[PDB]
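Heads up, the chain below is alone and in the form deposited in one PDB entry; it's given as structure tokens.
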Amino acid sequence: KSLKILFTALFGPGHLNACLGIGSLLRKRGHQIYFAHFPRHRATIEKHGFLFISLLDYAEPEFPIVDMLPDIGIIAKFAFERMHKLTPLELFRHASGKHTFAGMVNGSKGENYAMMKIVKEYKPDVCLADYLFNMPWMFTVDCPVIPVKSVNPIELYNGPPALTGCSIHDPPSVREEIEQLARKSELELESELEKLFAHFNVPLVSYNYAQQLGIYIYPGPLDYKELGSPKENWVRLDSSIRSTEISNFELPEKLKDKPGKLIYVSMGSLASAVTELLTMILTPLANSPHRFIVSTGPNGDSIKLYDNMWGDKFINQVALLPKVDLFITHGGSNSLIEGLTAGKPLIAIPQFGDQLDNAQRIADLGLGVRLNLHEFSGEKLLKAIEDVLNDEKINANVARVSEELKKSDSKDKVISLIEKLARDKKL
């Protein structure tokens, strides 16, 4: 009756958090949850009651593994400088067939060795893995393996190219070029995955193939129903929000009894490392007639806050969101779902990857506005705030999606499929 279930994910807290959500549902049904991740997440993993396994304890001498979270800013600073200078079209021309995350693929060999040893030792009944791309170990281990996807799922559909930020209102002419450039760089990803798979003598699969079951996490009302169905074996979970740390969130006395709406500002787990980005956003908000709670990121201690702002490096985002009126976000999927669950509209300033797809989805479906870094001004950000605060149509759309997310029973089907696959080893 009781299953051994092993989770893993890449370093990004977004990938871990999505998995923690599914791990909760499965623990409530009486299964033993294991989580293979990095020592900086042992505390949260063990607090949710999962057994913690360190990726670092299973490293191969010739393939060392490092947690890239303390040094992701270098990568995120490059994305910022480019997105600040270039339009999304100009950025794709420049990329010259270079894919957004093909550079990570060669570096994956170490984690792959580690997971082969970990799945052999712990002999689980099923594995789940939130990665940006399939990894050889998922096809060599005895048990079935369910890819979990927490990024924007447009990549699972035949439609606008992914990582591009295309609109449903975009004319065929503007879209023909971006489509062409994206197809060119998608094959750079395939060629890099070929080398990684060849390294382990495993036949190459599509980067987002699900052999039996795949779980993508996106709200039904935002899912791409106008493009048809996702790829085979891929099933939607409307949300995967981890257990709240504190149920009640005490507001800081600085922003209490002060004039204006209450606005949350975070640029995520990764982009938040770029102090120049937060500084660009916060400087003009000094003279926005409202109150800001700011996630300042790993370098937050060196970021100036003004009289209408309170902030810490890390914020309890899930506890906070119910108390705010508006969320200024980077376009991360967990932040999107956390925000819409709380019923808050979004101003999305996308930085890299699926964030552009999520930002354009927020715009296209009347759940907030997209603000591009190339066009960014204090004038346009302050107007975006006033427009979205006062737009009854947007605030109605968000409330509607909020209700669809609370009432969702998508979790019921998804739990059954995980249990069926784990016990039957097929669907």
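In this text, the rigid core denotes the largest set of C-alpha atoms whose superposition between the two forms falls within 1.5 Å. Residue indices: 1-based, along the sequence shown.
Residue 244 coordinate gap across at least a third of other entries: Missing in at least a third of the others, so yes.
Greater mean Cα temperature factor according to the PDB record, 256-264 or 145-153: Mean C-alpha B-factor is greater for 256-264.
Stretch exceeding the other in mean C-alpha B-factor - 221-229, 69-77: For C-alpha atoms only, the mean B-factor is higher in 69-77.
Options 331, 297, 171, 345 - largest CA temperature factor per the record: Result of the comparison over 331, 297, 171, 345: 171.
Most elevated Cα B-factor in the entry, residues 291, 184, 109, 236: Top of the list by C-alpha B-factor: 184.
Residue 64 by Cα B-factor - lowest, middle or highest third of the modelled chain: As the PDB entry reports it, the C-alpha B-factor of residue 64 lands in the highest third of its chain.
Among modelled residues of the same chain, the CA temperature factor third for residue 306: For residue 306, whose C-alpha B-factor we compare with every modelled residue in the chain, the answer is the middle third.
CA B-factor ranking of residue 86, expressed as a third of its chain: It belongs to the highest third of the chain when residues are ordered by C-alpha B-factor.
Residue 350 CA temperature factor, ranked by third within the chain: It belongs to the lowest third of the chain when residues are ordered by C-alpha B-factor.
B-factor third for the C-alpha atom of residue 382 within its chain: Residue 382: CA B-factor falls in the lowest third of its chain.
There is another form of the same protein, the form deposited in another entry; it is not shown, and what comes next is about it.
Rigid-core-referenced C-alpha movement of 2 Å or more between this form and the one not shown, selected from 226, 245, 142, 307: C-alpha shift of at least 2 Å: 245.
Large Cα move at residue 276 between this form and the one not shown, threshold 2 Å, rigid core: After core superposition, the C-alpha of residue 276 moves less than 2 Å between this form and the one not shown.
Core-superposed comparison between this form and the one not shown, residue 67 Cα displacement 2 Å or beyond: Yes, its C-alpha moves 2 Å or more.
Displaced residue check between this form and the one not shown: residue 98, CA, 2 Å or over, core reference: No, residue 98 moves less than 2 Å.
Shift in CA distance, residue 340 and residue 244, in that other deposited form relative to the form shown here, given it is 3 Å or more: Residues converge in that other deposited form, at least 3 Å closer.
Note on residue 245-residue 403 C-alpha separation in that other deposited form, which departs from the shown form by 3 angstroms or more: Result: closer.
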